[PDB]
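First up is the structure itself, then whatever we jot down about it.
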Amino acid sequence: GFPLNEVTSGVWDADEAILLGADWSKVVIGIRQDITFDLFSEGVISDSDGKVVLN
Amino acid sequence: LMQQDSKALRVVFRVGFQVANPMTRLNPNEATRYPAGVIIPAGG
């Protein structure tokens, strides 16, 4: 009689767990900044060594 | 700045300096004529 959600997104590891039950009001997510998109046309993609890979 | 989520502020200024010592009748010697003078501290 409780809501069941099968986790279809590929995150689940069946070798670690089968099921999790919880009081979901005791789990909290803080949204500091909502999903933000910026578009750019100047500048560089660069390596960790500081080499340019796309200008 | 793009790939490391950052901005930068640049400040720029362009300037020239002149101290003008014309020829004077009293001291025509360029090496010792000057339009300024200084008091320095005592000793070394």
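Going through the structure tokens in order, the chains are called A, B, and so on, while each chain numbers its residues from 1 and the ligands are numbered from 1 in the order shown.
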
| request: With a distance threshold of 9 Å and counting only C-alpha atoms, extract the residues of chain A near chain B and express them as a PyMOL selection string. | output: chain A and resi 40+43-46

| From A:34, A:47, A:4, A:54, residue lying nearest residue A:21 [only C-alpha atoms] |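 With only C-alpha atoms as the atom set, the closest residue is A:4.
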
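Of note, atom CA of residue B:7 and atom CA of residue A:53 are spaced 21.0 Å apart.
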
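Looking only at chain A, the set that DSSP places in strand (DSSP E or B) from backbone geometry is residues 45, 46, 52, 53 and 54 of chain A.
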
| query | Can you tell me how far atom CA of residue B:35 sits from atom CA of residue B:17, in Å to one decimal? | reply |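 It comes out at 14.8 Å.
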